[PDB]
Amino acid sequence: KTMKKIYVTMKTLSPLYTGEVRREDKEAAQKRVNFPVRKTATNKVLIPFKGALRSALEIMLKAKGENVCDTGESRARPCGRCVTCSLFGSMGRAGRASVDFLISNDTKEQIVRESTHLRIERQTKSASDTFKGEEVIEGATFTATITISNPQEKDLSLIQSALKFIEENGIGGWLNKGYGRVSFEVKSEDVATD
Amino acid sequence: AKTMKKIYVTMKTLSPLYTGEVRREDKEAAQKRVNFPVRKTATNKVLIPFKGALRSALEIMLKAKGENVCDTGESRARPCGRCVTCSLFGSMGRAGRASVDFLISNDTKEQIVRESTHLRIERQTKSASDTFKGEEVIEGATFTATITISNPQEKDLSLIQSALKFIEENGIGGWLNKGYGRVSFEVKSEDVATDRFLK
Amino acid sequence: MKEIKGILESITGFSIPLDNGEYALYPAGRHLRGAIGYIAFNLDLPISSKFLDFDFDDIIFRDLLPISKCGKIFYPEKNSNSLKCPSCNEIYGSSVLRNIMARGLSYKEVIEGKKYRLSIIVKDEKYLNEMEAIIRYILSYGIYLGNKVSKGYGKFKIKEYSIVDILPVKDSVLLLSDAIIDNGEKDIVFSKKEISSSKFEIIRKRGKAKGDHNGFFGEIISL
Ligand SMILES: [Zn+2]
Ligand SMILES: [Zn+2]
């Protein structure tokens with residue numbers, strides 16, 4: 001058969017934030033930070049990728065005119081004939097793409113830096129509330145691996161435009177503040193038998 | 001929706017600019033030399049937070065005009081989700097429509113950021129009582145951001161440009177009462193479609 | 001009989017929700033089978049046909065019970081959710097489990113940066129050459145065991161491919177993996193999620209519980 005092996009390499013252009021999801025690792029950081037960055041137990045920063053790719057292609061392919069399943073609502077069901085539902089899966093059939101977490105190349109204490117964010121009273125022009133949050137520095141390199149099995153020729157082009165959308169829109173959180181502006185690079189390869 | 005208004009902002013400093021370093025590691029490793037480091041990337045370019053300045057400008061001007069806007073600046077003050085700043089910049093429910101990027105400089109720290117001596121002079125004996133070092137972005141540095149409104153409900157560009165006029169008069173960053181942060185913005189909008197990247 | 005030993009390392013954490021809220025601290029041979037099945041079928045390796053049939057055993061995929069700083073694999077204790085090492089005295093425990101709450105969802109996961117045992121006892125060298133190919137694909141492109149494989153969870157990567165011939169060391173056994181010995185006590189639940197019939201079957205076979213010999217679940221150890 002045929003399987004695609006899109007190796008994605010990200011470089012951060014403006015500070016990155018994806019929230020920490022393990023409750024115990026969160027609470028063991030809520031003494032110091034109030035928004036800890038998602039981190040492995042190997043002290044590496046991992047970002048969810050599949051949702052971002054899917055969302056970008058859903059929004060784009062919908063705006064182009066193609067009937068796609070918007071799964072950003074609380075539908076709790078896609079259909080089985082969507083352009084994305086073939087690629088990033090459906091609720092009865094698995095995904096052709098198996099998008100991996102965008103794990104880092106460097107460890108934390110080399111990419112993640114605590115930070116200060118503010119809320120400023122509009123009249124007093126001074127801080128009302130202050131909070132700490134972690135972030136990933138600019139220039140930090142991340143890697144992933146998309147694994148589209150049964151390629152459908154458009155699949156690579158759809159994945160790379162998705163990447164262009166997540167370069168305009170952003171990956172992670174606080175994306176309306178200026179966070180998570182990234183730059184991907186694609187070096188694809190078609191694995192076969194041995 | 002089907003289109004996206006792509007505002008492209010270019011800002012020139014008409015006065016010294018200061019926005020403080022938020023990173024605790026970068027700040028504490030700078031207190032050896034400079035008491036007030038500026039916000040800098042790890043690509044040695046200067047970040048300025050832009051969204052909150054735009055939202056503060058529009059909330060102040062829109063409260064003044066007589067329109068109904070929420071104050072997302074007070075302690076324990078929630079957004080409304082019915083105001084126009086809650087539609088453009090967001091609420092605790094619905095996301096914002098404008099994804100205001102940071103104002104990232106076009107040059108590096110070594111060409112825009114200088115250490116500067118600042119004083120506190122005794123009023124009676126007319127002599128310095130305190131000295132400190134700050135970092136400041138020089139006058140003539142060009143910063144670039146990119147506002148991107150999804151679902152471009154018309155009046156967006158007018159509101160953003162009015163907020164940029166407010167920021168031009170008032171200032172962006174810190175030490176805005178001493179003469180710092182006086183800027184000049186240059187809008188170059190557009191309306192490119194959402195589907196643009198699809199080949 | 002040419003068994004491929006190794007120590008896999010979790011690069012990204014894995015999630016195995018079993019039943020009644022409890023999870024599985026280490027991945028099992030079931031998951032190994034399933035994932036190797038996928039890899040084989042997606043690469044059209046012939047052996048894939050036999051992997052559909054669960055009542056097989058020309059390649060027995062034993063579990064991914066963890067290895068320690070004491071070298072020897074951790075082993076299941078008597079009626080305990082912990083796996084004290086034979087040599088040395090360190091427990092694996094439920095300290096690896098972490099409650100994760102993400103975008104409304106709430107699952108549990110085992111932390112990454114651990115070291116587990118790879119042991120695929122190949123009974124007949126007929127399929128050992130294809131076994132070389134599946135461990136080649138694992139050696140390069142990783143293997144994803146558990147839940148949310150398409151989302152990126154469970155990234156195991158092998159660190160050693162030691163293809164060692166092994167004997168059935170039958171003797172007299174220890175039940176190193178809870179197995180369905182007719183109608184024993186512990187309830188064991190599996191699945192055959194076959195592509196090209198869209199058939200997902202939650203099969204259940206009650207049996208004994210690990211912590212108490214036709215060759216070598218259904219593992220055995222010297223006692
Ligand atoms: Zn409002
Ligand atoms: Zn031990």
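Anything mentioned here points back to the structure above.
What you see is numbering from 1 along each chain in written sequence order, possibly unlike the entry, with residues lacking coordinates removed. Here every chain gets a letter starting at A, and every ligand a number starting at 1, in the order they are written. A larger assembly contains the chains displayed, and the values given here are confined to that displayed part. Side-chain numbers come from the whole structure's heavy atoms, not from hydrogens or water. Residues with missing side-chain atoms are left out of burial classes, side-chain pairs and their counts.

A. Structural view of the state of the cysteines. A pair of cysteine sulfur atoms is labelled a disulfide when the two atoms are within 2.5 Å. Scanning the model with the defined rule gives one disulfide over all chains in all. Each sulfur in the disulfide pair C80(B) and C83(B) lies 2.2 Å from the other. Of all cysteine sulfurs in the structure, the one in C69(A) sits closest to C79(A), which takes part in no disulfide; the separation is 3.5 Å.

B. Fine view of the coordination of the zinc ion (ligand 1). All names here are of chain B. Looking at the zinc ion (ligand 1), one finds its protein donor set to be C70 (SG), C80 (SG), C83 (SG) and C86 (SG), positioned 2.3 Å from the metal centre. Here a donor is any nitrogen, oxygen or sulfur atom (N, O, S) within 2.8 Å of the metal, with 3.2 Å used for Na, K and Ca; water is not among the atoms considered, so some sites may look incomplete. A four-donor site is classed as tetrahedral when every donor-metal-donor angle falls between 85 and 135 degrees; four donors are called square planar, and six octahedral, when trans pairs exceed 155 degrees and all remaining angles lie between 65 and 115, with any other arrangement labelled irregular. Coordination at the zinc ion (ligand 1) is irregular, judged from the four donor atoms that bind it and the angles of 58 to 136° they form at the metal. Between the donor residues of the zinc ion (ligand 1), the gaps in sequence give the motif C-x9-C-x2-C-x2-C. Each residue gets one of three labels from its accessible area relative to the maximum for its type: buried under 20%, exposed over 50%, partly exposed in between, using a 1.4 Å probe on protein chains only. A relative accessible area of 5% means that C83 is categorised as buried.

C. Fine view of the interface of chain C and chain A. It only takes one pair of heavy atoms within 4.5 Å for two residues to be counted as in contact. Contacts between chain C and chain A engage 26 residues on the former and 24 residues on the latter. Elements with a contribution of two residues or more to the side of chain C that touches chain A: β5 (97-102), β6 (105-110) and α3 (128-141) of chain C. Only runs of H or I of at least four residues qualify as helices and only runs of E of at least two qualify as strands under DSSP, and these elements are numbered from the N terminus. Ranked by residue count, the leading element in the side of chain C that touches chain A is β5(C), at five residues.

D. Molecular detail of the packing of helix α2 (residues 51-65) of chain B against helix α5 (residues 156-170) of chain B. All names here are of chain B. At a minimum axis separation of 8 Å, α2 and α5 run at an interaxial angle of 95°. Relative to α5, α2 is oriented roughly perpendicular. Only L159, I160, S162, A163, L164, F166 and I167 of α5 make contact with α2, whose side of the interface consists of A53, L54, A57, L58, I60 and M61. Split into classes, the residues belonging to the contact of α2 with α5 amount to twelve nonpolar, one polar and no charged. Angular values range over 0 to 180 degrees, each being the angle between N-to-C directions of two axes fitted as lines to C-alpha atoms, with helices fitted over their stretch in contact. Roughly parallel covers angles under 35 degrees, roughly antiparallel covers those over 145, roughly perpendicular covers 65 to 115, and oblique covers all other angles. Charged residues are taken to be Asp, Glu, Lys and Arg, nonpolar residues to be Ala, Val, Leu, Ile, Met, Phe, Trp, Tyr, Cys and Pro, and polar residues to be all remaining types, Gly included.

E. Layout of α5(B). Residues and elements named next belong to chain B. The length a helix should cover is 1.5 Å for every residue beyond the first. Under the 1.5 Å per step criterion, the end-to-end length of α5 is 21 Å for 15 residues, consistent within 8% with the ideal 21 Å. Here α5 has its buried residues at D156, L159, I160, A163, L164 and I167. Buried residues along α5 cover an arc of 135° about the axis, so they all sit on one side. Opposite the buried face of α5, at more than 90 degrees from it, the exposed residues are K165 and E169. The arc in question is formed by the directions pointing from the helix axis toward the C-beta atoms.

F. Looking closely at the environment of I100(C). By secondary structure assignment, the location of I100(C) is in strand β5. Taking the C-alpha atoms as reference points, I100(C) and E22(C), 78 residues apart in sequence, are found 14 Å from one another. Those residues in contact with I100(C) that sit more than four places away from it in its chain are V21(A), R22(A), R23(A), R38(A), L105(C), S106(C), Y107(C), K108(C), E109(C) and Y153(C).

G. Structural view of the environment of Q160(A). Residues and elements named next belong to chain A. Structurally, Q160 can be placed in helix α4 (residues 155-168). A relative accessible area of 22% means that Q160 is categorised as partly exposed. Along the backbone, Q160 and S128 are 32 residues apart, and their C-alpha atoms lie at a distance of 42 Å.

H. Structural view of the arrangement of the chains. If you rank the two pairs of chains in contact by how many contacts each has, first place goes to chains A and B. Note that chain B does not reach chain C: the shortest distance linking a C-alpha of one to a C-alpha of the other is 14 Å.

I. Layout of the packing of aromatic side chains. For this analysis, a ring pair means two rings from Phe, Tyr or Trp (six-membered ring only for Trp) whose centres lie within 6.5 Å, classed as stacked if their planes differ by under 30 degrees, edge-to-face if by over 60, and tilted for the remaining angles. Counted by the stated rule, this structure contains 24 aromatic pairs over all chains. Ring plane angle 75° and centroid distance 5.8 Å describe the contact between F14(C) and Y116(C), whose orientation is recorded as edge-to-face. Within this pair, whereas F14(C) is found in the loop between β1 (2-10) and β2 (17-19), its partner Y116(C) is found in strand β7 (residues 115-122), the two being separated by 102 residues in sequence. The buried category is assigned to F14(C), whose relative accessible area is 0%. Plain terms: the ring middles of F14(C) and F156(C) are 5.3 Å apart, the flat faces sit at 45° to each other, and that makes the pair tilted. Taken as a pair, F14(C) in the loop between β1 and β2 and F156(C) in strand β9 (residues 155-158) lie far apart in primary sequence, 142 residues in all. For the pair formed by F14(C) and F156(C), the shared burial category is buried. Here a set of aromatic residues connected by ring pairs shows up, and it is made of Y17(A), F35(A), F131(A), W174(A), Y179(A) and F102(B).

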